[PDB]
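A quick write-up on the structure given underneath.
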Amino acid sequence: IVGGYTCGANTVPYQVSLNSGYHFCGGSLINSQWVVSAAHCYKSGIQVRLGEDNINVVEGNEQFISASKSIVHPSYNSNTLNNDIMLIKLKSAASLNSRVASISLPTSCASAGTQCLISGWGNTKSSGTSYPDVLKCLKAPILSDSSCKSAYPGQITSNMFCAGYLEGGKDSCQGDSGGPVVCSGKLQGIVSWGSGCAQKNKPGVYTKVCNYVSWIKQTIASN
Ligand SMILES: C[C@H](NCc1ccc(C(=N)N)cc1O)C(=O)O
Ligand SMILES: C[C@H](NCc1ccc(C(=N)N)cc1O)C(=O)O
Ligand SMILES: [Ca+2]
Ligand SMILES: [Fe+3]
């Protein structure tokens with residue numbers, strides 16, 4: 001996260017870190033046994049780390065659980081990033097408490113102007129590389145479809161939305177991928193892509209979760 005602030009230990013209880021010997025993507029806990037992340041975050045040997053703040057130190061409250069299976073959306077296109085969503089089933093159910101909790105799925109899509117919270121352990125620099133130890137936070141508004149499409153001509157599908165600031169300086173970044181975009185207590189987006197990080201006129205692009213609620217429920221119900 002670029003231009004954000006330190007969230008504070010366990011203030012974002014649904015945030016998870018996907019780990020394979022190092023943090024490589026974020027994710028969101030939606031129930032005791034399932035996590036939602038981005039399809040481009042797929043890889044074998046994923047360990048889900050819940051209740052984390054400092055990802056380099058065991059401070060307590062952490063729960064490390066192996067992924068039993070990862071389900072990338074069948075229509076995911078790695079070239080366009082359309083349908084960039086993936087479900088991860090935990091080998092064992094997580095112990096839910098004040099520090100580890102699930103986030104609700106949306107019942108309706110969010111409108112432009114809606115303020116949301118984006119979080120992650122991704123790069124904090126727009127021009128360079130600097131990964132944080134603790135979780136970073138950023139409040140960003142969902143942009144209008146017209147502004148989003150004008151920023152990324154012919155690259156925005158109905159399953160994506162832009163959020164952030166056109167002036168630059170504040171944005172999600174590499175390492176934040178798969179992480180949550182929560183608005184009014186509901187998971188509305190997943191950190192997907194963008195052009196560089198925090199660049200002017202190049203807001204972040206996110207997977208529009210409200211379009212996948214039925215798919216998520218039907219998939220979880222059959223697995
Ligand atoms: C999909 C992945 N990119 C991820 C990615 C994530 C966040 C942003 C951003 N500035 N908000 C830009 C990105 O390009 C990749 O290019 O491999
Ligand atoms: C900045 C660089 N991402 C580059 C990038 C380029 C094109 C697309 C796309 N819409 N097909 C997505 C991306 O995430 C990166 O994440 O390193
Ligand atoms: Ca830790
Ligand atoms: Fe990218």
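Scheme for the structure tokens: letters A, B, ... for chains in order shown; per-chain residue numbers from 1; ligand numbers from 1 in order shown.
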
Practice item. Select from region 42-186 of chain A everything DSSP, run on the backbone, classes as strand (DSSP E or B), then give the selection as a PyMOL selection string. Key: chain A and resi 47-50+63-72+86-90+104+115-120+136-142+160-163+171+180-183+186

Query - Within 9 Å of ligand 2, counting only C-alpha atoms and all ligand atoms, residues as a PyMOL selection string - result: chain A and resi 78-82+152+155-156+173-175+177+192-197+205

Okay, now the selection with N, CA, C and O atoms, as a PDB file, in the first residue's frame?
ATOM      1  N   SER A  78      -5.796 -14.852 -17.896  1.00  0.00           N
ATOM      2  CA  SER A  78      -4.562 -14.240 -17.408  1.00  0.00           C
ATOM      3  C   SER A  78      -4.050 -13.071 -18.245  1.00  0.00           C
ATOM      4  O   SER A  78      -3.205 -12.301 -17.789  1.00  0.00           O
ATOM      5  N   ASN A  79      -4.558 -12.931 -19.464  1.00  0.00           N
ATOM      6  CA  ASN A  79      -4.124 -11.844 -20.334  1.00  0.00           C
ATOM      7  C   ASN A  79      -4.917 -10.560 -20.099  1.00  0.00           C
ATOM      8  O   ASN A  79      -4.377  -9.459 -20.213  1.00  0.00           O
ATOM      9  N   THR A  80      -6.193 -10.704 -19.763  1.00  0.00           N
ATOM     10  CA  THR A  80      -7.060  -9.552 -19.524  1.00  0.00           C
ATOM     11  C   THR A  80      -7.362  -9.366 -18.039  1.00  0.00           C
ATOM     12  O   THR A  80      -7.793  -8.293 -17.612  1.00  0.00           O
ATOM     13  N   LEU A  81      -7.136 -10.424 -17.267  1.00  0.00           N
ATOM     14  CA  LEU A  81      -7.396 -10.434 -15.833  1.00  0.00           C
ATOM     15  C   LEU A  81      -8.894 -10.404 -15.539  1.00  0.00           C
ATOM     16  O   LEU A  81      -9.320 -10.084 -14.432  1.00  0.00           O
ATOM     17  N   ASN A  82      -9.700 -10.743 -16.538  1.00  0.00           N
ATOM     18  CA  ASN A  82     -11.138 -10.784 -16.336  1.00  0.00           C
ATOM     19  C   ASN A  82     -11.408 -12.007 -15.456  1.00  0.00           C
ATOM     20  O   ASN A  82     -10.780 -13.048 -15.634  1.00  0.00           O
ATOM     21  N   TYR A 152      -8.348   3.582 -18.521  1.00  0.00           N
ATOM     22  CA  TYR A 152      -7.892   2.324 -19.108  1.00  0.00           C
ATOM     23  C   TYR A 152      -8.759   1.918 -20.297  1.00  0.00           C
ATOM     24  O   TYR A 152      -9.495   0.933 -20.235  1.00  0.00           O
ATOM     25  N   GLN A 155      -9.852  -1.839 -21.580  1.00  0.00           N
ATOM     26  CA  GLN A 155      -9.299  -2.852 -20.681  1.00  0.00           C
ATOM     27  C   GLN A 155     -10.185  -3.143 -19.477  1.00  0.00           C
ATOM     28  O   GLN A 155      -9.913  -4.066 -18.709  1.00  0.00           O
ATOM     29  N   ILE A 156     -11.240  -2.357 -19.310  1.00  0.00           N
ATOM     30  CA  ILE A 156     -12.146  -2.533 -18.184  1.00  0.00           C
ATOM     31  C   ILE A 156     -13.399  -3.311 -18.564  1.00  0.00           C
ATOM     32  O   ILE A 156     -14.158  -2.894 -19.440  1.00  0.00           O
ATOM     33  N   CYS A 173      -0.647  -1.840  -4.229  1.00  0.00           N
ATOM     34  CA  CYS A 173       0.523  -2.104  -5.063  1.00  0.00           C
ATOM     35  C   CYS A 173       0.873  -3.593  -5.071  1.00  0.00           C
ATOM     36  O   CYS A 173       0.136  -4.406  -4.518  1.00  0.00           O
ATOM     37  N   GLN A 174       1.985  -3.951  -5.711  1.00  0.00           N
ATOM     38  CA  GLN A 174       2.399  -5.351  -5.755  1.00  0.00           C
ATOM     39  C   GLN A 174       2.514  -5.882  -4.333  1.00  0.00           C
ATOM     40  O   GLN A 174       3.046  -5.207  -3.453  1.00  0.00           O
ATOM     41  N   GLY A 175       2.013  -7.092  -4.112  1.00  0.00           N
ATOM     42  CA  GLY A 175       2.061  -7.665  -2.780  1.00  0.00           C
ATOM     43  C   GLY A 175       0.718  -7.514  -2.092  1.00  0.00           C
ATOM     44  O   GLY A 175       0.408  -8.249  -1.153  1.00  0.00           O
ATOM     45  N   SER A 177      -2.006  -7.704  -3.880  1.00  0.00           N
ATOM     46  CA  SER A 177      -2.838  -8.551  -4.731  1.00  0.00           C
ATOM     47  C   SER A 177      -3.662  -9.566  -3.955  1.00  0.00           C
ATOM     48  O   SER A 177      -3.152 -10.217  -3.045  1.00  0.00           O
ATOM     49  N   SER A 192      -6.650  -6.381  -7.756  1.00  0.00           N
ATOM     50  CA  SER A 192      -6.320  -7.093  -8.985  1.00  0.00           C
ATOM     51  C   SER A 192      -5.142  -6.529  -9.779  1.00  0.00           C
ATOM     52  O   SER A 192      -4.077  -7.148  -9.832  1.00  0.00           O
ATOM     53  N   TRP A 193      -5.316  -5.367 -10.404  1.00  0.00           N
ATOM     54  CA  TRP A 193      -4.218  -4.801 -11.186  1.00  0.00           C
ATOM     55  C   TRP A 193      -4.212  -3.284 -11.285  1.00  0.00           C
ATOM     56  O   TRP A 193      -4.984  -2.601 -10.624  1.00  0.00           O
ATOM     57  N   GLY A 194      -3.311  -2.772 -12.117  1.00  0.00           N
ATOM     58  CA  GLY A 194      -3.191  -1.341 -12.317  1.00  0.00           C
ATOM     59  C   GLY A 194      -1.955  -1.065 -13.151  1.00  0.00           C
ATOM     60  O   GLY A 194      -1.325  -1.996 -13.655  1.00  0.00           O
ATOM     61  N   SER A 195      -1.610   0.207 -13.311  1.00  0.00           N
ATOM     62  CA  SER A 195      -0.430   0.585 -14.079  1.00  0.00           C
ATOM     63  C   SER A 195       0.554   1.189 -13.090  1.00  0.00           C
ATOM     64  O   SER A 195       0.383   2.328 -12.650  1.00  0.00           O
ATOM     65  N   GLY A 196       1.584   0.425 -12.742  1.00  0.00           N
ATOM     66  CA  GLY A 196       2.545   0.904 -11.767  1.00  0.00           C
ATOM     67  C   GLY A 196       1.797   1.018 -10.451  1.00  0.00           C
ATOM     68  O   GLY A 196       0.851   0.265 -10.216  1.00  0.00           O
ATOM     69  N   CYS A 197       2.203   1.952  -9.598  1.00  0.00           N
ATOM     70  CA  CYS A 197       1.534   2.156  -8.315  1.00  0.00           C
ATOM     71  C   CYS A 197       1.478   3.632  -7.958  1.00  0.00           C
ATOM     72  O   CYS A 197       2.490   4.328  -8.009  1.00  0.00           O
ATOM     73  N   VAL A 205      -7.272  -1.081 -10.118  1.00  0.00           N
ATOM     74  CA  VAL A 205      -8.414  -1.783 -10.689  1.00  0.00           C
ATOM     75  C   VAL A 205      -8.695  -2.989  -9.799  1.00  0.00           C
ATOM     76  O   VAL A 205      -7.773  -3.694  -9.386  1.00  0.00           O
TER      77      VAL A 205
END

Please return as a PDB file with N, CA and C atoms, in the first residue's frame the residues found within 10 Å of ligand 3, counting only C-alpha atoms and all ligand atoms.
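So the final result, stored in result06.pdb, reads:
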ATOM      1  N   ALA A   9      -2.577  -3.351  15.142  1.00  0.00           N
ATOM      2  CA  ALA A   9      -2.691  -4.796  15.322  1.00  0.00           C
ATOM      3  C   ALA A   9      -4.112  -5.346  15.402  1.00  0.00           C
ATOM      4  N   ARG A  49      -2.154 -17.597   6.468  1.00  0.00           N
ATOM      5  CA  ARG A  49      -1.798 -17.077   7.782  1.00  0.00           C
ATOM      6  C   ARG A  49      -2.813 -16.039   8.229  1.00  0.00           C
ATOM      7  N   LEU A  50      -3.545 -16.390   9.283  1.00  0.00           N
ATOM      8  CA  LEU A  50      -4.587 -15.542   9.850  1.00  0.00           C
ATOM      9  C   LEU A  50      -4.117 -14.872  11.139  1.00  0.00           C
ATOM     10  N   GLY A  51      -4.797 -13.787  11.511  1.00  0.00           N
ATOM     11  CA  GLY A  51      -4.486 -13.064  12.737  1.00  0.00           C
ATOM     12  C   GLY A  51      -3.124 -12.405  12.787  1.00  0.00           C
ATOM     13  N   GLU A  52      -2.577 -12.095  11.617  1.00  0.00           N
ATOM     14  CA  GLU A  52      -1.264 -11.478  11.506  1.00  0.00           C
ATOM     15  C   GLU A  52      -1.257  -9.955  11.537  1.00  0.00           C
ATOM     16  N   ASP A  53      -0.146  -9.402  12.013  1.00  0.00           N
ATOM     17  CA  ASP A  53       0.081  -7.964  11.970  1.00  0.00           C
ATOM     18  C   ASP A  53       1.504  -7.896  11.439  1.00  0.00           C
ATOM     19  N   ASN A  54       2.486  -8.186  12.292  1.00  0.00           N
ATOM     20  CA  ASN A  54       3.873  -8.210  11.836  1.00  0.00           C
ATOM     21  C   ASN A  54       4.075  -9.604  11.238  1.00  0.00           C
ATOM     22  N   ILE A  55       4.217  -9.683   9.918  1.00  0.00           N
ATOM     23  CA  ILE A  55       4.375 -10.976   9.257  1.00  0.00           C
ATOM     24  C   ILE A  55       5.749 -11.624   9.407  1.00  0.00           C
ATOM     25  N   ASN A  56       6.683 -10.930  10.051  1.00  0.00           N
ATOM     26  CA  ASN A  56       8.030 -11.467  10.238  1.00  0.00           C
ATOM     27  C   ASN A  56       8.305 -11.919  11.665  1.00  0.00           C
ATOM     28  N   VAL A  57       7.354 -11.670  12.556  1.00  0.00           N
ATOM     29  CA  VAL A  57       7.499 -12.041  13.960  1.00  0.00           C
ATOM     30  C   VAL A  57       6.239 -12.725  14.470  1.00  0.00           C
ATOM     31  N   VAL A  58       6.399 -13.795  15.243  1.00  0.00           N
ATOM     32  CA  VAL A  58       5.243 -14.470  15.823  1.00  0.00           C
ATOM     33  C   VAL A  58       4.942 -13.674  17.090  1.00  0.00           C
ATOM     34  N   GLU A  59       3.854 -12.910  17.057  1.00  0.00           N
ATOM     35  CA  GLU A  59       3.464 -12.056  18.176  1.00  0.00           C
ATOM     36  C   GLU A  59       2.337 -12.628  19.017  1.00  0.00           C
ATOM     37  N   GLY A  60       1.678 -13.650  18.487  1.00  0.00           N
ATOM     38  CA  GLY A  60       0.555 -14.254  19.172  1.00  0.00           C
ATOM     39  C   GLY A  60      -0.681 -13.935  18.353  1.00  0.00           C
ATOM     40  N   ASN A  61      -1.700 -14.781  18.457  1.00  0.00           N
ATOM     41  CA  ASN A  61      -2.956 -14.612  17.723  1.00  0.00           C
ATOM     42  C   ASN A  61      -2.893 -15.173  16.308  1.00  0.00           C
ATOM     43  N   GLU A  62      -1.702 -15.547  15.851  1.00  0.00           N
ATOM     44  CA  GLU A  62      -1.582 -16.109  14.509  1.00  0.00           C
ATOM     45  C   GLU A  62      -2.108 -17.535  14.447  1.00  0.00           C
ATOM     46  N   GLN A  63      -2.641 -17.889  13.285  1.00  0.00           N
ATOM     47  CA  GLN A  63      -3.126 -19.232  13.011  1.00  0.00           C
ATOM     48  C   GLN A  63      -2.608 -19.531  11.612  1.00  0.00           C
ATOM     49  N   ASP A 133       6.548  -4.470   7.575  1.00  0.00           N
ATOM     50  CA  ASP A 133       6.472  -5.609   8.480  1.00  0.00           C
ATOM     51  C   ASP A 133       5.023  -5.754   8.931  1.00  0.00           C
ATOM     52  N   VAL A 134       4.393  -4.620   9.229  1.00  0.00           N
ATOM     53  CA  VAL A 134       3.015  -4.607   9.697  1.00  0.00           C
ATOM     54  C   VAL A 134       2.011  -4.242   8.609  1.00  0.00           C
TER      55      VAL A 134
END

What separates CA of residue 132 (chain A) and CA of residue 183 (chain A) is a distance of 23.8 Å

(message) I'd like to know which of A:48, A:118, A:72, A:110 is closest to ligand 1, using only C-alpha atoms and all ligand atoms.
(response)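 Selected residue with least distance to ligand 1: A:118.
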
_With only C-alpha atoms as the counted atoms, please give the residues lying no more than 9 Å from residue 13 (chain A), apart from itself and same-chain residues fewer than 2 positions off, as a ChimeraX atom specification._
/A:10-11,15-16,29,50-52,97-103

In Å, rounded to a single decimal, give me how far CA of residue 105 (chain A) is from CA of residue 21 (chain A).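 According to the coordinates, CA of residue 21 (chain A) and CA of residue 105 (chain A) are separated by 29.6 Å.
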
For this session: Have a look at CA of residue 185 (chain A) and CA of residue 203 (chain A) and let me know their distance in Å, one decimal.
Result: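 CA of residue 185 (chain A) sits 22.4 Å away from CA of residue 203 (chain A).
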
From the list A:75, A:124, A:6, A:211, the nearest residue to residue 187 (chain A) using only C-alpha atoms is A:211

Please, which residues of region 112-198 of chain A, numbered as in this document, come out helix (DSSP H, G or I) from DSSP, as a PDB file with N, CA, C and O atoms, in the first residue's frame?
ATOM      1  N   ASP A 145     -17.645   4.703 -13.462  1.00  0.00           N
ATOM      2  CA  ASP A 145     -17.296   3.816 -14.561  1.00  0.00           C
ATOM      3  C   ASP A 145     -16.668   4.606 -15.706  1.00  0.00           C
ATOM      4  O   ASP A 145     -15.735   4.137 -16.356  1.00  0.00           O
ATOM      5  N   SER A 146     -17.180   5.811 -15.949  1.00  0.00           N
ATOM      6  CA  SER A 146     -16.662   6.643 -17.030  1.00  0.00           C
ATOM      7  C   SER A 146     -15.208   7.055 -16.810  1.00  0.00           C
ATOM      8  O   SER A 146     -14.416   7.061 -17.751  1.00  0.00           O
ATOM      9  N   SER A 147     -14.855   7.396 -15.574  1.00  0.00           N
ATOM     10  CA  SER A 147     -13.485   7.800 -15.274  1.00  0.00           C
ATOM     11  C   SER A 147     -12.543   6.609 -15.362  1.00  0.00           C
ATOM     12  O   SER A 147     -11.399   6.738 -15.794  1.00  0.00           O
ATOM     13  N   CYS A 148     -13.037   5.450 -14.947  1.00  0.00           N
ATOM     14  CA  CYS A 148     -12.265   4.214 -14.972  1.00  0.00           C
ATOM     15  C   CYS A 148     -11.937   3.814 -16.408  1.00  0.00           C
ATOM     16  O   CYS A 148     -10.791   3.503 -16.731  1.00  0.00           O
ATOM     17  N   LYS A 149     -12.952   3.827 -17.267  1.00  0.00           N
ATOM     18  CA  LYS A 149     -12.764   3.459 -18.665  1.00  0.00           C
ATOM     19  C   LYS A 149     -11.937   4.476 -19.438  1.00  0.00           C
ATOM     20  O   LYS A 149     -11.268   4.122 -20.409  1.00  0.00           O
ATOM     21  N   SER A 150     -11.979   5.737 -19.021  1.00  0.00           N
ATOM     22  CA  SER A 150     -11.194   6.758 -19.704  1.00  0.00           C
ATOM     23  C   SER A 150      -9.726   6.584 -19.329  1.00  0.00           C
ATOM     24  O   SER A 150      -8.833   6.892 -20.116  1.00  0.00           O
ATOM     25  N   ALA A 151      -9.482   6.070 -18.127  1.00  0.00           N
ATOM     26  CA  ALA A 151      -8.121   5.842 -17.653  1.00  0.00           C
ATOM     27  C   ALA A 151      -7.513   4.590 -18.283  1.00  0.00           C
ATOM     28  O   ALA A 151      -6.311   4.543 -18.555  1.00  0.00           O
TER      29      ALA A 151
END

- request: Would you mind telling me which residue in A:95, A:32, A:219, A:172 lies nearest to ligand 4 when using only C-alpha atoms and all ligand atoms?
  value: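 Of A:95, A:32, A:219, A:172, the one nearest ligand 4, counting only C-alpha atoms and all ligand atoms, is A:172.
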
Do a neighbour search on residue 222 (chain A) at 12 Å with only C-alpha atoms, toss out local chain neighbours closer than 6 positions, and write the hits as a list in words.
residues 71, 89, 215 and 216 of chain A
